[PDB]
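Colleague: This structure is in structure tokens; I'll ask about it shortly.
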Amino acid sequence: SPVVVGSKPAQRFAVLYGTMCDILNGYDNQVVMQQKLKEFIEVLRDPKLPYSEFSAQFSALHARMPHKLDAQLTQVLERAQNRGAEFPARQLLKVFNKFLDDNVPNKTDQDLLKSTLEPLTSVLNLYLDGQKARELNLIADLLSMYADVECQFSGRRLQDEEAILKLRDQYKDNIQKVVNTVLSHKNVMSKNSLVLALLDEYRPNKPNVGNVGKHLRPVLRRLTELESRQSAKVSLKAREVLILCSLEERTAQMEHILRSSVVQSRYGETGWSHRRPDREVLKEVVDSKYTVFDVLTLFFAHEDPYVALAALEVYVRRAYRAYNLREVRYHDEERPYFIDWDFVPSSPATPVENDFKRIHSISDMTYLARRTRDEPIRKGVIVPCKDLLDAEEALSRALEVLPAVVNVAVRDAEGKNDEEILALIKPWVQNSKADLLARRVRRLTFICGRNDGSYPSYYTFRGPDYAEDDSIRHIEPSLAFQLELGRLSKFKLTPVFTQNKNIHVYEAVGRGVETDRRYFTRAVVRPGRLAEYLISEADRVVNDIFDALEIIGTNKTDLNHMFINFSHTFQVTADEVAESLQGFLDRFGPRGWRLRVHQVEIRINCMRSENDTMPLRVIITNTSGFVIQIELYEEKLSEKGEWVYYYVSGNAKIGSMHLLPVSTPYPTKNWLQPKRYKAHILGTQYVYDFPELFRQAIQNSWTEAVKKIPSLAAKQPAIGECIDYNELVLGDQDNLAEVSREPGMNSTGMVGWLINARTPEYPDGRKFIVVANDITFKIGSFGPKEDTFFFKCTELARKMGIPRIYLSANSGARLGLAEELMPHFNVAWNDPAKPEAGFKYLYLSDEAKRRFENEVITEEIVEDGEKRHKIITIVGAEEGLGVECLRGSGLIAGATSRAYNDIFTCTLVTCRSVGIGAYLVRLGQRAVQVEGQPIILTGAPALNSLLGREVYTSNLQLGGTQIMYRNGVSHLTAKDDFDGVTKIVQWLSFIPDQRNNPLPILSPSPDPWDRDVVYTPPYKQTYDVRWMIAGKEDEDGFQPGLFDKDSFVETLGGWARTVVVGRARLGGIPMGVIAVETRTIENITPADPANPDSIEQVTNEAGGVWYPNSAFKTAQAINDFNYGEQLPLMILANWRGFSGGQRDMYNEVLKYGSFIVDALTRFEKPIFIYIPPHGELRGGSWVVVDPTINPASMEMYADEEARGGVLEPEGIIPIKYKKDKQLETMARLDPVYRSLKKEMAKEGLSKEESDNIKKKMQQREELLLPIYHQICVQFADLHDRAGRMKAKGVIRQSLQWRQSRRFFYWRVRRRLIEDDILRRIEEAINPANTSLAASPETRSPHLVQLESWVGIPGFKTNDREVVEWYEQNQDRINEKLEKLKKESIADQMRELXXXXXXXXXXXX
């Protein structure tokens, strides 16, 4: 069949709209959605279509009514087709109205014409508006057609089509329409894909916010209400477009500004053309809030060569904003592009990290750190190319004006070239591999300008061969500082496609470990508005990321993060922003939770503080499945020249990440363990694992206490919350600061924590400091930073009063030499040919001398005619090589010595503790040693090398447990690192939470106070005195001691076991215990391997005697229970004197004996000396323990059946009851001896007769002598009896061992409280003993005042009655205190010529 010459595009337009009409109306016609849509857009844009639609219809209508009109219309069409392009639609309207409805007489006899020319009239009307407006007509029709059918299904509660059909019963015309609308809804899936493809095509609403945009504004707003699940996705897309409803008009705006820049008016002059572009006008574009890069890409292009220059200026000034300005030079060569700009503030600028003097690039976080004094400026070059092939000529010729950073623009938005464009830019860089290299340029960018508002694609080549870093893509090597990326350094990053060019998603996998697979998002937002704006801007950019993470998928990701940088300097403060944050996070949260996103970081600026920015970075983490991790920071520099994370958040400062650089490289997965490994090879836990060891130990302290003591158990604080620690790291002004940061990454070789542990004694909490060395951080050696640290912790624990715990694992002081001077120093020999012939000295070359000078003290002496700088002393730049470490070591040494005498001090040998470390163990006095860790002074191989022979092999052979516990350096032996902590937390249970705080007393509970002491020692043989303290575990039942069942903890019992020391509880009251071992113990000292003859020496320390080592043990213990611990004491005095044996005398027995007396005068808390049953206290022993030493705190008691005299009754008898004295008493009691005495006295008997009486008596006296001897022994023993002691007032009372417990419980408690009341009396009176009579009933002069305040008659006695009075009248004494406090104020103010000065001081 024949066809019309020009009807191809008309017929092709009428089918491509029809192939889309069938899908929207719900018919089966399914044809390729993307291709037929683009073909419809390509037939609405061609100027031939209006003519084509006319030529088809008019051909049949030529032979219609009055031809007069038919011919005149044809003339217009034919002329407009060749001459000019656009269709004369409006001319064709005018001619038809004039002839048809207007020329009623001739043209239209009757109203027939209207119907005939109707198809032509429906052509000149769709084109009257225009050709592109005809395109918009058939996109205000297909974007209304969808809404028309779908809205009813999302309509007035009708979600059912059948219910809808019954509702439709209303319209007659809807008879056919009922089914048509139902047919459409069924195939909505195909419809959604068509509308979405149409919404994406007209999405460049940003460029044209009028032609394609305003025309579509109302017919698109009728597409956001469709929230219904089916249309949900399409409604969201509609919203995107509306937000956009500028660049088309901006094309004009910027074009004008560039041209206005060129020729400055300055009316009254002929030639402004030559004048280069002016800042004032161009400034408007460069500093604008709007995106400029989005359109600018076409202006360097196809324009006047001068305008191309002006555009290049706009671009440079906008991007290199953070950078500095310096001479813009435009040269006009073959390619008029040549913009030569020169210039980085790097310290007070953008939040960056600067150490010493250094300046780095935006992308290159490592340029040249050395310094920027001997470094060039970075010469710029930006070229506008037209084609990709032609671009090469703007490279080889471009580079010639470079004696740095270079940018290259293009004009071919033809296609979205990827990989092929990368294969089209790489042949130009590999060819000029020496050309770009010679000029020393680091960065090269390639901008590709798209005309439909698509953000241009950037490709950057960096390094020596310029391998092209895939990291910087579709973004500028300037916008890059804002992208950071220097935080994902420990990750192999590879980016993935993003629909939005602002956002860049990166695949990150740990450099060491590949398991860690995370999607890190990096976005830079440019807020282009003309406080609620930024929070609404956050919703737009986070939604963009959520939709992009959707298409890439959640896949397999452990964690996901997204960074959103705000280029805006808005006036707000974080306090209100913290409330608005809460609002949108609960909505986005569930979506972010599916994508496996764990945290989000927002970096905003706040001009309102100064009217200068306060950059507030905020991290929101979804931890434990809970957020609440809303940490609001502040970008402030640490003084150290670095920008740190100073948070003033809302999660109550118990947060994470604090006072940390902005350059942290987001720690990966597993980075924690290799560190653990190096500690574990040494048999010690990694330092940061210890806080949790303590938690389990406290957890354990409760689980046992709840058993023994029920009821008082419910205050248990679960598994967690047992302890509440926070790290310690040196502050700004070297003043320790509480930080709650991630474990590991310690700044120094020492770490500390402030722990608030809820112990069962202090269930509300108790604090203490824990200091430990990182054995991984340089062998755990003691450098100056480590020393300054340790000190400031000691200082802190002291300030409070809370105990200190040191965990030792070190290698003495630090080691090093000057490494830098090793491959530079020269030698001056006696003879240069034979260097073995001795060397004169060591010198340094003049050129190598200037390199250091301050690192070496060099003297000048000319030898061989050379300027030789002989080294007279080496200094070295680095710290920790000599004396610097020793100075610090001595300081902390002193600090620990001072701390021991003030607060509770304790150390733990978790691993090898050498040199200084070893001493801090002793200065720490109270120490626990783990079975496989030595306290060594000098290295075991170092000793062998010095002696010349292999004597010692093990560091334990001289530092181990078998030495330090057996000599009293170690107080206890722990099987493992935890066992240590366990036994320590145990000591802590005996000690008050603070310094001058009441003891950790409990209810009588495991052992009641009102029980009699069952175990009584056998008088014949020896007994384990330990049984008298805690109790004797016997075959037949269990006989308890005078202290609580299972409460005793023995210490130092491996050295001088002749005295037993420990801590125990008396009816809940904890106190110090010292007792005398009765059994003959045998300590055997080991043989020294150093002297081969030295043998193991046998020493049998017979029980109940004081030896040099026993005395020292006694003395040490007294001071230990006195300083820090502050415990009451009980001494079961049972020594019968001292060993005056030569060896023991020479072994300075007397020196340590005095040390008991010294230690006793220093004590504050009450001390009880109780001689137990069978217990003895003769001569030398008594003296060093008598209450008159410290009558203020000592109290002495003796058992009813105890003994105490000047000497043993066996010793006194040959001095005061000699043989002659026994015979005078014999001739008195014995009847036989005095009868025989009557014979010799009367005489009258011969020489043989007198011999008889002599030989009769000296036989009778020989028989009576052994029993008469024992009589005097008993007689002498009656002197050393208890009754006598109470009678001469050397003891307070005679005590029955059975009811010792019962007496002391109340006497202990009575003295505890009384002592505190008296201390309080003095604190109020002045806010600043003398005889044998010094008895505790007269220990204080206030015990007279307190006596009358109480009102109890038997005050000095009836201990129980007294205690109970204080407890009741705690208010009445606080009444007396304040009375006296104001009375003492009156005395000091009255005591204050000096009156005339006071009458001047008052006037002031």
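Heads up: the sequence shown runs through residues 788 to 1032, 1036 to 1133, 1153 to 1212, 1253 to 1379, 1386 to 1464, 1469 to 2187, 2196 to 2259, 2300 to 2311, numbered per the entry's author numbering. Ideal Cβ positions, reconstructed from N, Cα and C, are used throughout, including at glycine.
1. Any chance you could list the beta strand (DSSP E) runs of at least 3 consecutive residues sitting entirely within the segment 937-979, in chain order?
2. Give me the residue from 1642, 1375, 1356 with the minimum Cα distance to residue 1366.
3. Using a Cβ distance threshold of 8 angstroms, determine whether the segment 1980-1997 contacts the segment 1920-1934, with at least three qualifying pairs required.
4. CB-CB under 8 angstroms to residue 1959, same chain, minus the five flanking residues each way: which ones, in chain order?
5. Please report the residue range of the alpha helix (DSSP H) in which residue 2020 lies.
6. So which of 1738, 2036, 1376 has the shortest CA-CA distance to residue 1082?
7. Tell me whether residue 1855 is buried or exposed, calling it buried when 16 or more other Cβ atoms sit within 10 Å of its Cβ.
8. Check residue 1765 in the structure and name its three-state DSSP category.
9. Out of 1488, 1505, 1330, state which residue places its alpha-carbon closest to the alpha-carbon of residue 1495.
10. Check whether the Cβ atoms of residue 1368 and residue 1420 sit closer than 7 angstroms, and answer yes or no.
11. Looking at the unbroken alpha helix (DSSP H) that takes in residue 2122, where does it start and where does it end?
12. Starting from residue 1700, follow the alpha helix (DSSP H) in both directions and report where the run begins and ends.
13. Applying the 10 Å Cβ sphere with the 16-neighbour rule, what's the burial state of residue 1630?
14. By the DSSP assignment, the alpha helix (DSSP H) with residue 880 in it spans what residues?
15. Closest to residue 1071 by C-alpha separation, out of 1059, 1051, 1084, 1078, would be which residue?
16. Using the three-state DSSP reduction, which class does residue 2162 fall into: helix, strand or coil?
17. Could you say which of 904, 1202, 1175, 1194 lies nearest to residue 1291 if we only look at CA atoms?
18. Where do the ends of the alpha helix (DSSP H) carrying residue 1930 lie?
19. Would you mind listing the alpha helix (DSSP H) stretches within the segment 1773-1857 that are 4+ residues and don't spill past its ends, in chain order?
20. Between the C-alpha atoms of residue 914 and residue 1206, what's the straight-line distance to the nearest angstrom?
21. In or out: residue 1062 buried (at least 16 other Cβ within 10 Å) or exposed?
22. By the three-class DSSP mapping on this structure, what secondary structure does residue 1010 have?
23. Please go through the same chain and pick out, in chain order, the residues whose beta-carbon is closer than 8 angstroms to the beta-carbon of residue 2251, but skip the five residues on each side of it.
24. In chain order, what residues of the same chain lie with their CB nearer than 6 angstroms to the CB of residue 1455, ignoring the 5 residues before and after it?
25. Could you spell out where the alpha helix (DSSP H) holding residue 908 opens and where it closes?
26. So if DSSP puts residue 1943 in a beta bridge, which residue, or which two residues, is it bridged to?
27. Which one of 956, 919, 971, 920 has the shortest CA to CA distance from residue 1152?
28. Below 6 angstroms CB to CB, which residues in the same chain sit around residue 2087 once its five sequence neighbours on both sides are set aside?
29. Could you tell me the alpha carbon to alpha carbon distance between residue 1777 and residue 2071, rounded to whole angstroms?
30. What residues in its chain sit with their C-beta under 7 angstroms from that of residue 1642, if we drop five residues either side in the sequence?
31. Roughly how many angstroms lie between the CA atoms of residue 1318 and residue 1100, to the nearest whole one?
32. Which residue from 1503, 1603, 1591 puts its Cα closest to that of residue 1535?
33. Are the beta-carbon atoms of residue 1653 and residue 1752 separated by less than 7 angstroms?
34. Among the candidates 1921, 2004, 1999, whose CA atom is the shortest distance from the CA of residue 1977?
35. With distances taken Cα to Cα, identify the nearest neighbour of residue 1039 among 992, 1008, 1020.
36. Which term fits residue 1302, buried or exposed, when burial requires 16 or more other beta carbons within 10 angstroms of its beta carbon?
Modeller: Answer, in terms of the structure:
1. none
2. Residue numbering aside, residue 1366 sits at position 517 when the sequence shown is read from its first letter. Checking every option, the nearest Cα to that of residue 1366 belongs to 1356.
3. yes
4. Along the sequence shown, read from residue 1 onward, the residue named residue 1959 stands at position 1100. These residues qualify, in order along the chain: 1939, 1940, 1941.
5. In the sequence shown, residue 2020 corresponds to position 1161, counting from 1. Taken as a continuous stretch (DSSP letters only), the alpha helix (DSSP H) holding residue 2020 covers 2008-2021.
6. Translated into the one-based positions of the sequence shown, residue 1082 becomes position 292. Closest option to residue 1082, Cα to Cα, is 1376.
7. Locating residue 1855 in the sequence shown gives position 996, where the first residue counts as 1. Exposed.
8. Within the sequence shown, the letter at position 906 stands for residue 1765. In this structure, residue 1765 counts as strand in the three-state DSSP scheme.
9. One-based indexing of the sequence shown puts residue 1495 at position 636. Nearest of 1488, 1505, 1330 to residue 1495, Cα basis: 1505.
10. As a position in the sequence shown, residue 1368 is number 519, starting the count at 1. As a position in the sequence shown, residue 1420 is number 565, starting the count at 1. Contact flag unset, no.
11. Here the question's residue 2122 lines up with position 1263 in the sequence shown. Segment 2106-2136, the alpha helix (DSSP H) holding residue 2122.
12. Counting from one through the sequence shown, the residue named residue 1700 turns up at place 841. Looking at the DSSP string, residue 1700 is not in any alpha helix (DSSP H); the run it does join, the beta strand (DSSP E), is 1698-1703.
13. As a position in the sequence shown, residue 1630 is number 771, starting the count at 1. Under this definition residue 1630 is a buried residue.
14. By one-based count along the sequence shown, residue 880 stands at place 93. Start and end: 876-884.
15. Here the question's residue 1071 lines up with position 281 in the sequence shown. Here the closest residue by C-alpha is 1051.
16. Taking the first residue of the sequence shown as 1, we reach residue 2162 at position 1303. In this structure, residue 2162 counts as helix in the three-state DSSP scheme.
17. Here residue 1291 corresponds to residue number 442 of the sequence shown, with the count starting at 1. Of 904, 1202, 1175, 1194, the residue nearest in Cα terms is 1175.
18. Counting from one through the sequence shown, the residue named residue 1930 turns up at place 1071. Looking at the DSSP string, residue 1930 is not in any alpha helix (DSSP H); the run it does join, the beta strand (DSSP E), is 1928-1935.
19. 1774-1782, 1799-1806, 1815-1818, 1820-1823, 1836-1849
20. Locating residue 914 in the sequence shown gives position 127, where the first residue counts as 1. Locating residue 1206 in the sequence shown gives position 397, where the first residue counts as 1. Going from the Cα of residue 914 to the Cα of residue 1206 covers about 51 angstroms.
21. The residue you call residue 1062 lines up with position 272 of the sequence shown. Exposed, by the Cβ-count rule.
22. Translated into positions along the sequence shown, residue 1010 becomes position 223. Reduced to three states, the DSSP call for residue 1010 is coil.
23. Here residue 2251 corresponds to residue number 1384 of the sequence shown, with the count starting at 1. Once the five neighbours on either side are set aside, the close Cβ partners of residue 2251 are 2183, 2184, 2185, 2186.
24. Residue numbering aside, residue 1455 sits at position 600 when the sequence shown is read from its first letter. Cβ neighbours of residue 1455 beyond the five flanking positions: 1417, 1479.
25. Within the sequence shown, the letter at position 121 stands for residue 908. It spans 905-908 - the alpha helix (DSSP H) in which residue 908 sits, taken as one unbroken run.
26. Reading the sequence shown from its first residue, position 1084 is the one you call residue 1943. Note: residue 1943 sits in a beta bridge opposite 1957.
27. In the model shown, the chain runs from 1133 to 1153 with nothing in between, leaving residue 1152 without coordinates.
28. As a first step, residue 2087 is located in the sequence shown; it is residue number 1228 there, counting from the start. Hits under 6 angstroms: none found.
29. As a first step, residue 1777 is located in the sequence shown; it is residue number 918 there, counting from the start. As a first step, residue 2071 is located in the sequence shown; it is residue number 1212 there, counting from the start. Distance between the alpha carbons of residue 1777 and residue 2071 is about 50 angstroms.
30. Numbered from 1 along the sequence shown, position 783 holds the residue referred to as residue 1642. For residue 1642, where only same-chain residues beyond five positions count, the Cβ hits under 7 angstroms are 1608, 1673, 1738, 1739, 1744.
31. Walking along the sequence shown from the start, residue 1318 turns up at place 469. Walking along the sequence shown from the start, residue 1100 turns up at place 310. Those two C-alpha atoms are separated by around 30 angstroms.
32. Walking along the sequence shown from the start, residue 1535 turns up at place 676. Measuring from the Cα of residue 1535, the nearest candidate turns out to be 1603.
33. Within the sequence shown, numbered from 1, the residue matching residue 1653 stands at position 794. Within the sequence shown, numbered from 1, the residue matching residue 1752 stands at position 893. Not closer than 7 angstroms, so no.
34. As a working mapping, residue 1977 is identified with position 1118 in the sequence shown. Ranking 1921, 2004, 1999 by Cα distance to residue 1977 puts 1921 first.
35. Stepping through the sequence shown from its first residue, residue 1039 is reached at position 249. Of the listed residues, the one whose Cα sits closest to residue 1039 is 992.
36. Position 453 of the sequence shown, counted from the start, is the residue given in the question as residue 1302. So residue 1302 counts as buried.
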